[PDB]
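A.B. asks: here goes the first bit of my complex:
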Amino acid sequence: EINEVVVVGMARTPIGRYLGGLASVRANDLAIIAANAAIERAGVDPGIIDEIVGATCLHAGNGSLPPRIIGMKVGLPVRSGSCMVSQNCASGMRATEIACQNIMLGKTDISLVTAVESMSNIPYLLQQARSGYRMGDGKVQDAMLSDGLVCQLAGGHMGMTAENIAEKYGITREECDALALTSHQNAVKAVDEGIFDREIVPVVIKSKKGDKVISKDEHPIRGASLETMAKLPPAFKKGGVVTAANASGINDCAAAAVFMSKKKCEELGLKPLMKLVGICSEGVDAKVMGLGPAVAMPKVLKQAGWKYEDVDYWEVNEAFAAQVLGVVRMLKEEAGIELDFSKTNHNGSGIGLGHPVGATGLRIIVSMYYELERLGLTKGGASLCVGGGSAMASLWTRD
């Protein structure tokens, strides 16, 4: 029969601003810092880790199979496995599943999962450079948009799909700005109070004149007020309800985690932090991808036999304020769920802290656990929508 899987170490870097504090740190070097932190915290010798499952949305520019580069540099054995997975925003959560199911089936005993996105260092593409443009102008493409944020099925930017959710359920700019403010404010609150200090591993910038250190998330807007939110123009559509402040940002980050079979963790005398309960995907139409969590969360709860009210804390990534309010509505209408804001996103989410696409899937799992630990809770869950529709959700317990 299948093994039980546990998490033994978890870490993430700060979430940097687009072209901000971490713009000088390429994705692989952020992954190495987060991976080393998780490995040390677990107390496992990197030489016995069986594989690395690396998550990222934009491979381009980071070399041949970056996860193999990241694994070898943190000391994985050359015998270890390596692969790179992408499910857009849920990349880190799908890497977690792939690794855990490998452990479930006995294929591995210890698996490293890295999730990273350095959106400040995504290159531009020259599509016709190989065979030549022959004649006439072409396009030098921003890969972060053409290969990531701009969905072909949706027809435009992710923000447009949030506008669809606002239209369908009739969400207004006032409701979006209200929710968005709390995220910026909650994020500001937790950042300055040091709530993220435990999970964070700092990133050190090796400047020539000196040596700077990034230890704090830097996306949230300080001094946000309900009237300041109302002063921003629409960011993606004329008269659209989505703005830069009520929409998740563009950001850099890397998260990592060490997973293990329950019995391997016991053999090594290590401390299991929490146990995988469930994890799965479930899609919605690309044009309303934001509602994915409203179908993934009930599904994973069914697979595990839990009721929504059983989960002690939730980390539901806020891609856009309208997107969240659409999830609340769909969860009330087509599910029997009244989203418990008192046990969900306590310290801000994507809107306030940012959305490093490739890292976020695992980021919210890391943050979920450490919030459980700070509040002495037991059962946690994390879900998030995905560009294209295929959303994910996962459930965990601290035994």
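C.D. replies: Nice, thanks for sending it over. Numbers count the residues shown, from 1 in each chain, chains lettered A, B, ... in the order given.
A.B. asks: and residue A:106, how many neighbours?
C.D. replies: Neighbour count of residue A:106, defined by other CB atoms under 10 Å: 11. Bear in mind the C-beta positions are built from the backbone N, C-alpha and C, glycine included.
A.B. asks: for it, give me its contacts.
C.D. replies: Contact partners of residue A:106, counting by CB atoms under 8 Å, 6 or more residues apart in numbering, are residue A:3.
A.B. asks: how far away is it from residue A:234?
C.D. replies: 53 Å (CB to CB, to the nearest Å).
A.B. asks: and if you look at residue A:269?
C.D. replies: Taken as CB to CB, the span from residue A:269 to residue A:234 is 56 Å.
A.B. asks: so for those two, which sits in the more crowded spot?
C.D. replies: Set residue A:269 next to residue A:234 and count neighbours by other CB under 10 Å: residue A:234 wins out with 15 against 7.
A.B. asks: quick check: closest non-adjacent residue to that one.
C.D. replies: Among residues not flanking residue A:234 along the chain, residue A:240 sits closest, at 4.0 Å (CB to CB, 6 or more residues apart in numbering).
A.B. asks: cool, and residue A:86?
C.D. replies: Residue A:86's closest residue in space is residue A:57 (CB to CB, 6+ apart), at 5.6 Å.
A.B. asks: quick check, that neighbour in contact with residue A:94.
C.D. replies: No. The pair residue A:57 / residue A:94 is not scored as a contact, 11.1 Å apart, by CB atoms under 8 Å.
A.B. asks: need the residues touching each of these two.
C.D. replies: residue A:86.
A.B. asks: and these two? Which one has more around it.
C.D. replies: residue A:57 (28 against 24).
A.B. asks: I'd like to know how far residue A:145 sits from residue A:218.
C.D. replies: Taking CB to CB, one finds residue A:145 at 22 Å from residue A:218.
A.B. asks: between those two, which is the more surrounded one?
C.D. replies: The residue with more neighbours, out of residue A:145 and residue A:218, is residue A:218; 17 against 13, by other CB under 10 Å.
A.B. asks: surely that one is in contact with residue A:17?
C.D. replies: Yes. Counting by CB under 8 Å, residue A:17 is a contact partner of residue A:218 at 5.1 Å.
A.B. asks: what's the closest non-adjacent residue to residue A:108?
C.D. replies: residue A:50 (3.7 Å).
A.B. asks: wait, doesn't residue A:50 sit right on residue A:80?
C.D. replies: Yes. Under the criterion of CB under 8 Å, residue A:50 makes contact with residue A:80 at 5.7 Å.
A.B. asks: then residue A:296 would be within a strand, right?
C.D. replies: No. The assignment for residue A:296 is helix, going by DSSP: H, G, I helix; E, B strand; the rest coil, so no strand is present there.
A.B. asks: to the structure above, add chain B:
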Amino acid sequence: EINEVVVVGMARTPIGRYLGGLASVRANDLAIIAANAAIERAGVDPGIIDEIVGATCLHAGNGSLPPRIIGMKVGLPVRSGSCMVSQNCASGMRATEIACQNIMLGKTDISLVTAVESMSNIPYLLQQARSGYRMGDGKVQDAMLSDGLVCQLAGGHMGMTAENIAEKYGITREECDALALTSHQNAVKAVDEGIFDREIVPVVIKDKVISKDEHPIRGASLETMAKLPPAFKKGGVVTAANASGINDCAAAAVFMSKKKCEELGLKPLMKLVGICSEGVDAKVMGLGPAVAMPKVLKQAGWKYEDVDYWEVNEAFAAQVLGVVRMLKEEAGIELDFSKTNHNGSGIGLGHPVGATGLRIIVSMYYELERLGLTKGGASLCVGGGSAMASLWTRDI
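C.D. replies: Take a look at chain B, now in place beside the chains above:
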């Protein structure tokens, strides 16, 4: 209670030459052709497919999560799952594992796997364009190399790790050119004989049509191989002819739990027996198969002799000759070439990286079917070192 996994449909496009007959068709449309072919050969309604696991080495330029695009265009339901996986050369073989483990654990009942590489359409990269070059020249990088064929751990192109194996085992070029020739000739023979016509779905150009593998060096002679200069090292044994080629191709397969196939009334073609990864040092990643094949065999309770036929990709002639030998010295295996790569391999037919991992699986089965055999296996080395191997049986 763990579910049995069977393959109901498989397809692949012809293996086009670098900048050749398929250069005008992008990766996504190549994957769509193969997937539609595998779907109709399985005879399943694409509306009930639970997920797509898409393999490719270079995502750059192909849009947002191509596997989601590929799935929706071939008719997957919006509730289906989607993801992109890369294990360099074995990407197609890892996507298979991922989908098969989803079926093993009951997460899904029907999973579509696509594996594609359009190396003719890999874009070039401008790394400093976003923040600006400010002053001074920059680099317009060939992503095919910087993000694929050139490995930092190995210190250079994949061909250097082939040269490293040559030095380790003192493999001369004559052995490299001799193996390469038989790979080119075998590919030419099987292409002209139409052996690949069953597995192939043709690519229509919007009105020309490509339907034959076009990489094999025709008229290859023992001595034409000797006149070519080394390609990656001064005085090295690796040449363009005895090295795998750069190519375009797409392969697809529809997997299912055995209970689902019976319920739907379809015919399982072969059942998964074993699948696994196992790595070697990046400097000699070509030796990967020599550790992955004995492992998957041990995992499955199979001895090497049980396998009727193997599809073992030839990344480089020196690499294969190193695998033949490491298997002899550190394993108890004398590689049986009479039961391995009958119809040319990576050297003769080409190496469309993203698709190869699954391509050899497809070629494996149809050779089992053509020879009335039962047990088959496939394995391949991987850039970086993490090789893979798999075992299958038609005796469901």
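A.B. asks: quick recheck of the neighbour count of residue A:106 now chain B is there?
C.D. replies: 12 (other CB atoms under 10 Å in any protein chain shown).
A.B. asks: and what of residue A:209?
C.D. replies: That count, for residue A:209 with other CB under 10 Å as the rule, works out to 5.
A.B. asks: which helix or strand contains the spatially closest residue to residue A:348 that is not a sequence neighbour?
C.D. replies: Excluding the flanking residues, the one nearest residue A:348 by CB to CB, 6 or more residues apart in numbering or on different chains is residue A:187, at 2.8 Å. Counting by DSSP states H and E, the element that carries residue A:187 is helix A:173-193.
A.B. asks: would you mark the buried spots in that helix?
C.D. replies: Buried residues in helix A:173-193, counted by 16 or more other CB atoms under 10 Å in any protein chain shown: A:173, A:175-177, A:179-191.
A.B. asks: do the same with stretch A:144-161
C.D. replies: In stretch A:144-161, counting by 16+ other CB under 10 Å, buried: A:144, A:146-154, A:156-161.
A.B. asks: returning to what we had before: which strands and helices lie in contact with the next helix or strand after the helix holding residue A:187?
C.D. replies: Helices and strands here follow DSSP H and E; after helix A:173-193, the next one along the chain is strand A:203-205. Strand A:203-205 is packed against strand A:212-214, with contacts defined by 3 or more CB pairs under 8 Å, 6 or more residues apart in numbering or on different chains; DSSP states H and E.
A.B. asks: now do whichever strand or helix holds residue A:91 against strand B:81-86, angle only.
C.D. replies: Taking DSSP H and E as the criterion, residue A:91 maps to helix A:91-104. Angle, helix A:91-104 to strand B:81-86, by axes from the mean of the first three to the mean of the last three CA atoms, to 10 degrees: 80 degrees.
A.B. asks: looking at the buried residues of stretch A:144-161, which are in strands?
C.D. replies: Using DSSP state E, no member of the buried residues of stretch A:144-161 falls in strands.
A.B. asks: of those, closest to residue A:132?
C.D. replies: Nearest to residue A:132 out of the buried residues of stretch A:144-161 is residue A:146 (CB to CB; 19.9 Å).
A.B. asks: quick revisit: return the distance of the helix holding residue A:91 from the chain's centre.
C.D. replies: In this view, helix A:91-104 has its centroid 14 Å away from the chain centroid, taken as CA atoms, centre = their mean, to the nearest Å.
A.B. asks: what is the next helix or strand along the chain from it packed up against?
C.D. replies: Of the helices and strands lying after helix A:91-104 in sequence (DSSP H and E), the nearest is strand A:110-118. If you count contacts as 3+ CB pairs under 8 Å, 6+ apart, strand A:110-118 packs onto helix A:27-42, strand A:51-55, helix A:66-73, helix A:91-104, strand A:251-261, helix A:357-375.
A.B. asks: okay, chain C goes in next:
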Amino acid sequence: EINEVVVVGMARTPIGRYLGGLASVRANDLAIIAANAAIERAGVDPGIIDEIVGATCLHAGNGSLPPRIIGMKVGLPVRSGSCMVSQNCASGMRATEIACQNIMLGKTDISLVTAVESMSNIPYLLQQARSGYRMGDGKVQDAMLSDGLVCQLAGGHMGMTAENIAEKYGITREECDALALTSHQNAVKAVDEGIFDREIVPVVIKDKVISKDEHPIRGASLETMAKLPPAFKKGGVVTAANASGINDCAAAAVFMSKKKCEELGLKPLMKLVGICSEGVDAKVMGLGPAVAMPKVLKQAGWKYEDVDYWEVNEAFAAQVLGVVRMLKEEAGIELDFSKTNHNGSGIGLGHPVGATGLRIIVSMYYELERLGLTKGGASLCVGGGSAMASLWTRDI
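C.D. replies: To build on what is shown above, here is chain C added in:
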């Protein structure tokens, strides 16, 4: 006291096709070949040449002040002067004027003029690369168009200004295709007959060699011209075949004061009589010659009848038919095609922009020499409108 100006040596390379036989040779090395040819045909020691006036339309990609590089490689003394001039299509004809005015005023005694366009090697531009794109797609611009063929004043490609002339004078396509055909056929005839062998210096490829003009549409028929679609306007009279082509070529000439040529014991080939510019509105820049030819004729005291032969570049069939007519209506000139463009022109032989201005001068002379004639003239329209014209005589 103003000095008399004579031409002692002239040369030109074959007119290669866009991305054709000369695509591998850059502008500078094409100019070096022509210049060396003109130098030895003049029989002058390049060490005493006082300056080089280099013409080209697209400097981008050819290094720092190419004319200085060209001069030093063909053996000009370091004390020599150097400069680059551009009047789009007439660049070669303006460089000639500049050098001839330097000789007229005693500033120099020997001036070398090179005129080159390697349109196959014009680079693409990244306008935002320096400061950064920050976010969002950008443009990779074809400089050949943005910095040359596409004119902002005219509102579009050079072909639209040809269409504008067609509407102004109601010129149908049948007239355009008919003139185009004779230009293609005449070019084919003269190419095969070796008439251009005297003026041509062949280009050696490092070991193939190009020596014949390769643009003429062979087997051109009245009805093949009618099946081609319009190229620049919906329902427009301009097609690729009746429009001038994109090409590569270099021409060179060594000018001298008549007193210097006698002092050195060399043979003057022809003497400058008149040269000037005169513009028209950019929207109908093709009509330029209809104002530049009567002006230079008036400037020189020559009537049109005095000129034995003309080389008038054909930018577009409609453009020439407009020039023929504006010359009739506003000037007293009925353009004598029996004494104009005997051996194909821009439509048949191509339009290597930077070189054309001087190329037609070279072709003019050798036709005068081939026919034993004396007085010659050359003129051409220019992107933007500032056309030029010149008059020459072998009766020094």
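A.B. asks: now with chain C: the neighbour count of residue A:106?
C.D. replies: 12.
A.B. asks: next, give phi and psi for it.
C.D. replies: The phi and psi values for residue A:106, taken as degrees, to the nearest 10, are phi 80, psi 0.
A.B. asks: what sits against residue A:313?
C.D. replies: A:343-344, A:346, A:368, A:371-372, A:375, A:377, A:379-381 (CB atoms under 8 Å, 6 or more residues apart in numbering or on different chains).
A.B. asks: do you know how far it is from chain B?
C.D. replies: 25 Å (CB to the nearest CB, to the nearest Å).
A.B. asks: what's the neighbour count on the nearest residue to residue A:93 once chain neighbours are set aside?
C.D. replies: Take residue A:93 and drop its neighbours on the chain: the residue closest to it by CB to CB, 6+ apart is residue A:361, 3.5 Å away. Neighbour count of residue A:361, defined by other CB under 10 Å: 34.
A.B. asks: and what of the one 10 residues further on?
C.D. replies: Residue A:371 is flanked by 23 other residues according to other CB under 10 Å.
A.B. asks: next: residue A:228.
C.D. replies: Neighbours of residue A:228 (other CB under 10 Å): 14.
A.B. asks: and what of residue A:84?
C.D. replies: 29.
A.B. asks: wait, it touches residue A:62, no?
C.D. replies: No. Between residue A:84 and residue A:62 there is no contact under CB under 8 Å: 9.4 Å.
A.B. asks: who's in contact with the residue sitting nearest the centre point of chain A?
C.D. replies: Centre of chain A computed as the mean C-alpha position; nearest residue by CA atoms, centre = their mean is residue A:360, 0.9 Å away. For residue A:360, the contact set (CB under 8 Å, 6+ apart) comprises A:89, A:92, A:115, A:117, A:253, A:317, A:350, A:384.
A.B. asks: do residue A:43 as well
C.D. replies: Contacts of residue A:43 (CB under 8 Å, 6+ apart): A:8-9, A:268, A:270-271.
A.B. asks: looking at those residues, which is nearest chain C?
C.D. replies: Chain C lies nearest to residue A:9 out of these, by CB to the nearest CB, at 35.2 Å.
A.B. asks: so the closest one bridges to which residues?
C.D. replies: residue A:258 (DSSP bridges).
A.B. asks: enumerate every residue touching it.
C.D. replies: Neighbours of residue A:9 in contact, by CB under 8 Å, 6+ apart: A:37-44, A:256-258, A:273.
A.B. asks: what is residue A:200 paired to in the beta sheet?
C.D. replies: residue A:12.
A.B. asks: thought it was touching residue A:14?
C.D. replies: Yes. Using CB under 8 Å, residue A:200 makes contact with residue A:14 at a distance of 5.8 Å.
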